[PDB]
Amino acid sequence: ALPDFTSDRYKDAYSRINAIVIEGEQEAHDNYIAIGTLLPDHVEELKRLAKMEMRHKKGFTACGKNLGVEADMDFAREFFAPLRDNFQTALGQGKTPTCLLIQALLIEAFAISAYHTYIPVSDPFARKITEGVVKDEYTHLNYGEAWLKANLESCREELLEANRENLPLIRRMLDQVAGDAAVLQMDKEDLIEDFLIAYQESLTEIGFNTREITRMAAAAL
């Protein structure tokens, strides 16, 4: 069941998946620095999170180089454009809960699911890099959960709107990546399950009840 990492079929799918991961890590760095303009007293902690994202980007860049694959960066920029646009719109409006739901919850849960699914089918070099990134994703999810949990009473409606608008974009991103992910021997059903479990667990931690969460996860449709 392990893929042939040297085949043209594998390298072609990897060129797009690796580019999406590299672009995602760069946008994650940018997003935590941007949140620092909304939360000036959190700047040092956000800089630390942004620095971890740069370490992840460098590591995944090395994964692509190791397989002799040239990352399709243009494809990756277009892939993130819808979610990036919604983050920039919220940032410009000073909407911190929306920025945090997009980056610290949706994007981190998407990263956790993708990385957990990739690890058992990854090449030995990439496996170590991916394993060394997963602990940091939980740190980032925890940061977002902690702020939203402390501020839930003033941003309940905003979070429901942010979820309604952005959860379907994650669903569309999963649909667009499924073909290439299957070449990498990753099952779309495992990616969906792991993402929903991480996202539902974060919403539970924040303080949403079962009914609220069910209504929220249903927005994906």
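All residue numbers refer to positions in the sequence shown, first residue = 1.
Peer 1: On mean Cα temperature factor in this entry, is 123 to 131 or 106 to 114 the higher one?
Peer 2: Per the PDB entry, the higher value belongs to 123 to 131.
Peer 1: Which has higher Cα B-factors on average according to the PDB entry: 28 to 36 or 154 to 162?
Peer 2: Mean C-alpha B-factor is greater for 154 to 162.
Peer 1: Determine which member of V177, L184, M52, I170 has the highest CA B-factor, using the values in the deposited entry.
Peer 2: That would be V177.
Peer 1: Classify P97 as lowest, middle or highest third according to the C-alpha B-factor given in the PDB entry, relative to its own chain.
Peer 2: Middle third - that is where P97 ends up once the chain's C-alpha B-factors are sorted.
Peer 1: If you rank every modelled residue in this chain by C-alpha B factor, which third holds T210: lowest, middle or highest?
Peer 2: Ranked within chain, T210 CA B lands in the highest tercile.
Peer 1: Where does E70 sit by CA temperature factor within its chain: lowest, middle or highest third?
Peer 2: CA B-factor rank for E70: highest third.
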